[PDB]
2 protein chains.
Amino acid sequence: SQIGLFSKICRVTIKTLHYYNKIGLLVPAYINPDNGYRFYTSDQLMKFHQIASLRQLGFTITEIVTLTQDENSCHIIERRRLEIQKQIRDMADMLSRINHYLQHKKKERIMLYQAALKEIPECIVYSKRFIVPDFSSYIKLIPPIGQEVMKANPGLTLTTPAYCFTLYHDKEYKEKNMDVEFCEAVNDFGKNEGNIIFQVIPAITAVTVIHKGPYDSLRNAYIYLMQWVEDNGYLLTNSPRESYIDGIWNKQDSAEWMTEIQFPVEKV
Amino acid sequence: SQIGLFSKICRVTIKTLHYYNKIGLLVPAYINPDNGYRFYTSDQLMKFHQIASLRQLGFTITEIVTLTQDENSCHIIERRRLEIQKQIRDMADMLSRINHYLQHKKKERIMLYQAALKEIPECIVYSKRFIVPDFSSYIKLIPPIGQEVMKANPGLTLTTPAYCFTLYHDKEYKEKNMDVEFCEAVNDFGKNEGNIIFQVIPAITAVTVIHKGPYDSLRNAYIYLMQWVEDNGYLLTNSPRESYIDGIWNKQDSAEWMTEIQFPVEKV
DNA sequence: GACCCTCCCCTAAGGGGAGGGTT
DNA sequence: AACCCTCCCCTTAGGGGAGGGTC
Ligand code: 118
Ligand code: 118
């Protein structure tokens, strides 16, 4: 049985037998020193059978080189089992997300927003929690709040990149008298002055949507994320953040403003 | 925004941005010509968010290039949906297989048979179907047929590699009235004088186990396969085959014999 | 004709490092 | 030192082909 007859026995490629013999797994019985031909015996067929049996399970080749000779190694199978469990969970996640994408595209010709999960680190922020009558008044009150803090603390250095955001501590849709908390990430701790405090905001896994446009139409964005959380079975773990990237401070065009809504979320 | 600041903005490595620029996926807004330094803008982060949102759905990079550059492309989302559902089926199958493997390797310290799900193509065999009083007597009466068919069919060449098996057409277990069919694959049709005839044996996907040793313990392997067939929810679609690799024809030691039991199954 | 060998290069999505540039 | 660049090799499980040899 030359390599061709063996490759037709196992229904495997000649390149596969070559690769195996190179890697050390399934070395043939006889390598003729005259011509280097590879001759296999039925024992190699029995060995290739279990090689293919493990390869049909998802085991990488390096795991098979450890499973075919180290007959005591059983933990490396439970490890692959946990990996496969994670993979089924992530594939179900992806499938739900794809179905939601298709539904949203069947609704409207244009996909306005696109959700993305990202891991946001913990960060040392200075914060001010207070009530606002409307959104515009809140936007107007932010800059003096920032100025007070940068003046009262010499050496206050913002974080690069500038992670400057807000949190909406309401649980229902509150149009006026919103319990809003403005925050800005700094390099390190400062001193509490006025109603402005400092705190450490924890790391989250947040589903985010970048809204490009004027602020008075941010509501749609929030609704979309809400729908995203309702459809794909995630759950809002904390108050929603809203991060400001571009705006009246960065670009004087009102239609080029960019804010990254971030729902802190966890899967259920 | 230099590549470091932007790479920290989007929270991905530098080499990823280099790669996305090389393939034309995410191009910097402004490259300094002599330095080659890459500088991005907010509307590069707006696109990296879309890239990552699509890449969390498992879309390969070229699919992302098309999804972002080619509009009305819902067919690629549909293709990826079908592929994810297929991978869900395959991963669940692997999970059941590895649960069964762990249930076995924990129950006994040696794994006697690994089970491999392989595809067997259709063949043209000569077959004799007949009642058998005793399986040991079943082995002896086969070489008479081997004499007879080569006598009556001159120039009949056996298939290479040799496929010589037995269909067990019995729907339940019995010890002295086994209704079997001995089949052996040849290349062309032939004359069907006698109870021996010629027929085409259809292609089957089948779980196979290689049994080494004498034929009196063979039922063990069969038991195992049935266990396997019931554990992973497979359905036995056809009659069980038994292919003879090594035996009295090749080897004198009754411990180096080799058969391959094949259960035609489908996943239901 | 059939069949076989080694050698080199290719995959997708970047990772790691080496050598060289500037402020 | 701090960033940044390009170039070259590397990762899986083998596929494809060229050039050259063997039954
Ligand atoms: C403290 C508090 C707010 C701001 Sb900004 C800002 C700057 C960079 C990145 C993100 C936000 C600001 C306003 C006027 C002039 C200069 C900077 C700011 C503005 C509106 C809403 C939220 C934040 C700055 C410091
Ligand atoms: C025609 C009929 C039977 C056998 Sb064989 C056999 C099968 C596959 C591969 C190699 C050999 C056989 C038996 C004794 C001596 C020489 C050949 C055979 C017989 C009984 C049961 C199964 C196979 C061969 C040709």
# chains A, B, ... in the order shown; residues from 1 in each chain; ligands from 1

call {"tool": "select_by_dssp", "arguments": {"residues": "range 60-180 of chain A", "states": "strand (DSSP E or B)", "output": "list in words"}}
result
residues 116, 117, 118, 119, 120, 123, 124, 125, 126, 127, 128, 129, 130, 131, 132, 158, 164, 165, 166, 167, 168, 178, 179 and 180 of chain A

call {"tool": "interface_residues", "arguments": {"of": "chain A", "to": "chain C", "cutoff": "9 Å", "atoms": "only C-alpha atoms (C1' of nucleotides)", "output": "PyMOL selection string"}}
result
chain A and resi 3-4+35-38

call {"tool": "write_last_selection", "arguments": {"atoms": "N, CA and C atoms", "output": "CSV table (one decimal), in the first residue's frame"}}
result
chain,number,residue,atom,x,y,z
A,3,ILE,N,1.4,5.4,-0.8
A,3,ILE,CA,0.6,6.5,-0.2
A,3,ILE,C,-0.7,6.8,-1.0
A,4,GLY,N,-0.7,6.4,-2.3
A,4,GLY,CA,-1.9,6.6,-3.1
A,4,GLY,C,-3.0,5.6,-2.7
A,35,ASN,N,14.0,5.9,-2.8
A,35,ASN,CA,13.2,6.8,-3.4
A,35,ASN,C,12.3,7.6,-2.5
A,36,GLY,N,12.4,7.4,-1.2
A,36,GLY,CA,11.6,8.1,-0.2
A,36,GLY,C,10.1,7.9,-0.2
A,37,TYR,N,9.7,6.8,-0.9
A,37,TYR,CA,8.3,6.5,-1.0
A,37,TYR,C,7.7,6.2,0.4
A,38,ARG,N,6.4,6.4,0.6
A,38,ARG,CA,5.8,6.1,1.8
A,38,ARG,C,4.8,4.9,1.7

call {"tool": "interface_residues", "arguments": {"of": "chain A", "to": "chain B", "cutoff": "7 Å", "atoms": "only C-alpha atoms", "output": "PyMOL selection string"}}
result
chain A and resi 5+8-9+46+49-50+52-53+57+81+84+88+91+94-95+97-98+114-116+161+210

call {"tool": "write_last_selection", "arguments": {"atoms": "C-alpha atoms", "output": "PDB file, in the first residue's frame"}}
result
ATOM      1  CA  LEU A   5      -3.651   3.372  -2.204  1.00  0.00           C
ATOM      2  CA  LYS A   8      -7.824   6.115  -1.304  1.00  0.00           C
ATOM      3  CA  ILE A   9      -8.466   3.715   1.589  1.00  0.00           C
ATOM      4  CA  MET A  46      -6.568   2.048  12.503  1.00  0.00           C
ATOM      5  CA  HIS A  49      -9.349   6.320  12.058  1.00  0.00           C
ATOM      6  CA  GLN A  50      -9.000   7.723  15.555  1.00  0.00           C
ATOM      7  CA  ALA A  52     -10.098  11.511  11.975  1.00  0.00           C
ATOM      8  CA  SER A  53     -12.485  10.749  14.828  1.00  0.00           C
ATOM      9  CA  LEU A  57     -14.709  16.819  17.088  1.00  0.00           C
ATOM     10  CA  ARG A  81     -15.981  20.961  25.784  1.00  0.00           C
ATOM     11  CA  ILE A  84     -17.508  24.346  22.321  1.00  0.00           C
ATOM     12  CA  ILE A  88     -22.420  27.620  20.705  1.00  0.00           C
ATOM     13  CA  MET A  91     -22.938  31.570  17.629  1.00  0.00           C
ATOM     14  CA  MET A  94     -24.407  36.146  16.403  1.00  0.00           C
ATOM     15  CA  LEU A  95     -27.504  34.502  14.951  1.00  0.00           C
ATOM     16  CA  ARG A  97     -27.885  39.741  15.971  1.00  0.00           C
ATOM     17  CA  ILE A  98     -28.057  38.751  12.298  1.00  0.00           C
ATOM     18  CA  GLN A 114     -25.221  50.009  14.114  1.00  0.00           C
ATOM     19  CA  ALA A 115     -24.787  48.535  17.580  1.00  0.00           C
ATOM     20  CA  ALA A 116     -21.455  47.173  18.748  1.00  0.00           C
ATOM     21  CA  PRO A 161      -8.573  60.087  24.747  1.00  0.00           C
ATOM     22  CA  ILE A 210     -22.622  56.358  17.380  1.00  0.00           C
TER      23      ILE A 210
END

call {"tool": "closest_atom_pairs", "arguments": {"of": "chain B", "to": "ligand 2", "cutoff": "9 Å", "atoms": "only C-alpha atoms and all ligand atoms", "output": "CSV"}}
result
residue,atom,partner,partner_atom_place_in_ligand_line,distance
B:138,CA,ligand 2,21 (C),7.8
B:139,CA,ligand 2,20 (C),4.8
B:140,CA,ligand 2,20 (C),6.5
B:141,CA,ligand 2,20 (C),7.4
B:142,CA,ligand 2,20 (C),4.8
B:143,CA,ligand 2,3 (C),4.7
B:144,CA,ligand 2,2 (C),7.4
B:145,CA,ligand 2,2 (C),6.0
B:146,CA,ligand 2,2 (C),3.4
B:147,CA,ligand 2,1 (C),6.9
B:148,CA,ligand 2,1 (C),8.8
B:149,CA,ligand 2,1 (C),7.8
B:150,CA,ligand 2,1 (C),7.9
B:158,CA,ligand 2,25 (C),7.8
B:161,CA,ligand 2,9 (C),8.9
B:162,CA,ligand 2,9 (C),5.7
B:163,CA,ligand 2,8 (C),6.4
B:164,CA,ligand 2,8 (C),4.8
B:165,CA,ligand 2,22 (C),7.1
B:166,CA,ligand 2,22 (C),8.2
B:182,CA,ligand 2,21 (C),8.1
B:183,CA,ligand 2,2 (C),9.0
B:184,CA,ligand 2,2 (C),7.2
B:243,CA,ligand 2,8 (C),8.0
B:244,CA,ligand 2,8 (C),5.8
B:245,CA,ligand 2,9 (C),5.9
B:246,CA,ligand 2,10 (C),6.8
B:247,CA,ligand 2,11 (C),7.4
B:248,CA,ligand 2,14 (C),5.8
B:249,CA,ligand 2,15 (C),4.1
B:250,CA,ligand 2,10 (C),7.1

call {"tool": "write_last_selection", "arguments": {"atoms": "C-alpha atoms", "output": "PDB file, in the first residue's frame"}}
result
ATOM      1  CA  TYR B 138     -21.172 -17.695   7.621  1.00  0.00           C
ATOM      2  CA  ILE B 139     -17.458 -17.043   7.118  1.00  0.00           C
ATOM      3  CA  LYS B 140     -16.732 -20.424   5.538  1.00  0.00           C
ATOM      4  CA  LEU B 141     -19.296 -20.341   2.717  1.00  0.00           C
ATOM      5  CA  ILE B 142     -18.012 -17.061   1.211  1.00  0.00           C
ATOM      6  CA  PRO B 143     -14.876 -18.280  -0.664  1.00  0.00           C
ATOM      7  CA  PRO B 144     -17.093 -20.740  -2.578  1.00  0.00           C
ATOM      8  CA  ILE B 145     -18.917 -17.697  -3.953  1.00  0.00           C
ATOM      9  CA  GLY B 146     -15.509 -16.181  -4.618  1.00  0.00           C
ATOM     10  CA  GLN B 147     -14.612 -19.165  -6.792  1.00  0.00           C
ATOM     11  CA  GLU B 148     -17.980 -19.215  -8.536  1.00  0.00           C
ATOM     12  CA  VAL B 149     -18.336 -15.578  -9.565  1.00  0.00           C
ATOM     13  CA  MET B 150     -14.818 -15.354 -10.993  1.00  0.00           C
ATOM     14  CA  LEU B 158     -12.396  -6.312  -7.797  1.00  0.00           C
ATOM     15  CA  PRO B 161      -9.228  -0.394  -2.660  1.00  0.00           C
ATOM     16  CA  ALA B 162     -11.141  -3.576  -1.864  1.00  0.00           C
ATOM     17  CA  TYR B 163     -14.590  -3.020  -0.363  1.00  0.00           C
ATOM     18  CA  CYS B 164     -15.899  -6.367   0.894  1.00  0.00           C
ATOM     19  CA  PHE B 165     -18.758  -6.057   3.336  1.00  0.00           C
ATOM     20  CA  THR B 166     -21.936  -7.560   4.700  1.00  0.00           C
ATOM     21  CA  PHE B 182     -22.568 -10.650   1.489  1.00  0.00           C
ATOM     22  CA  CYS B 183     -21.539  -7.914  -0.937  1.00  0.00           C
ATOM     23  CA  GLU B 184     -18.229  -7.349  -2.687  1.00  0.00           C
ATOM     24  CA  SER B 243     -16.464  -4.253   6.029  1.00  0.00           C
ATOM     25  CA  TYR B 244     -13.616  -6.754   6.355  1.00  0.00           C
ATOM     26  CA  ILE B 245     -10.177  -5.153   6.265  1.00  0.00           C
ATOM     27  CA  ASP B 246      -7.862  -7.881   7.610  1.00  0.00           C
ATOM     28  CA  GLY B 247      -8.549 -11.522   8.312  1.00  0.00           C
ATOM     29  CA  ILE B 248      -7.568 -15.079   7.434  1.00  0.00           C
ATOM     30  CA  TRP B 249      -6.561 -13.942   3.944  1.00  0.00           C
ATOM     31  CA  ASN B 250      -3.817 -11.539   5.030  1.00  0.00           C
TER      32      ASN B 250
END

call {"tool": "atom_distance", "arguments": {"atom1": "CA of residue 14 in chain B", "atom2": "CA of residue 68 in chain B"}}
result
21.7 Å

call {"tool": "interface_residues", "arguments": {"of": "chain D", "to": "chain B", "cutoff": "8 Å", "atoms": "only C-alpha atoms (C1' of nucleotides)", "output": "PyMOL selection string"}}
result
chain D and resi 3-5

call {"tool": "select_by_dssp", "arguments": {"residues": "range 12-251 of chain B", "states": "helix (DSSP H, G or I)", "output": "ChimeraX atom specification"}}
result
/B:14-22,42-55,61-69,74-107,135-140,142-152,215-231

call {"tool": "residues_around", "arguments": {"residues": "residue 15 in chain D", "least_positions_apart": "2", "cutoff": "10 Å", "atoms": "only C-alpha atoms (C1' of nucleotides)", "output": "CSV table (one decimal) with N, CA, C and O atoms (P, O5', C5', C4', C3', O3' and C1' of nucleotides), in the first residue's frame"}}
result
chain,number,residue,atom,x,y,z
A,13,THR,N,-6.6,13.1,1.5
A,13,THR,CA,-5.8,13.6,0.5
A,13,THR,C,-4.3,13.1,0.7
A,13,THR,O,-3.9,12.8,1.8
A,15,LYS,N,-1.9,15.1,0.2
A,15,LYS,CA,-1.3,16.2,0.9
A,15,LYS,C,-1.5,16.1,2.4
A,15,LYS,O,-0.7,16.5,3.2
A,16,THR,N,-2.7,15.5,2.8
A,16,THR,CA,-2.9,15.3,4.2
A,16,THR,C,-2.0,14.3,4.8
A,16,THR,O,-1.4,14.5,5.9
C,10,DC,P,3.4,33.6,-2.1
C,10,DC,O5',2.0,33.0,-1.6
C,10,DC,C5',0.9,33.0,-2.6
C,10,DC,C4',-0.3,32.3,-2.0
C,10,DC,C3',-0.8,32.8,-0.7
C,10,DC,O3',-1.8,33.8,-0.9
C,10,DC,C1',-0.7,30.4,-0.7
C,11,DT,P,-2.2,34.8,0.3
C,11,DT,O5',-3.3,34.0,1.1
C,11,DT,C5',-4.5,33.7,0.4
C,11,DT,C4',-5.2,32.5,1.1
C,11,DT,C3',-5.9,32.9,2.5
C,11,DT,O3',-7.3,33.0,2.3
C,11,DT,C1',-4.7,30.8,2.6
D,13,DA,P,-5.0,22.9,13.1
D,13,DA,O5',-5.3,22.1,11.8
D,13,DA,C5',-6.5,22.3,11.1
D,13,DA,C4',-6.4,22.0,9.6
D,13,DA,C3',-5.7,20.6,9.3
D,13,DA,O3',-6.3,20.1,8.1
D,13,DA,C1',-4.5,22.3,8.2
D,17,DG,P,-3.5,23.7,-9.6
D,17,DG,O5',-1.9,23.8,-9.8
D,17,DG,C5',-1.3,25.0,-9.6
D,17,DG,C4',0.2,24.9,-9.7
D,17,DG,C3',0.7,24.0,-10.8
D,17,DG,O3',1.4,24.8,-11.8
D,17,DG,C1',1.9,23.6,-8.8

call {"tool": "closest_residue", "arguments": {"among": "A:126, A:189, A:59, A:173", "to": "ligand 1", "atoms": "only C-alpha atoms and all ligand atoms"}}
result
A:126

call {"tool": "atom_distance", "arguments": {"atom1": "CA of residue 188 in chain B", "atom2": "CA of residue 152 in chain B"}}
result
14.3 Å
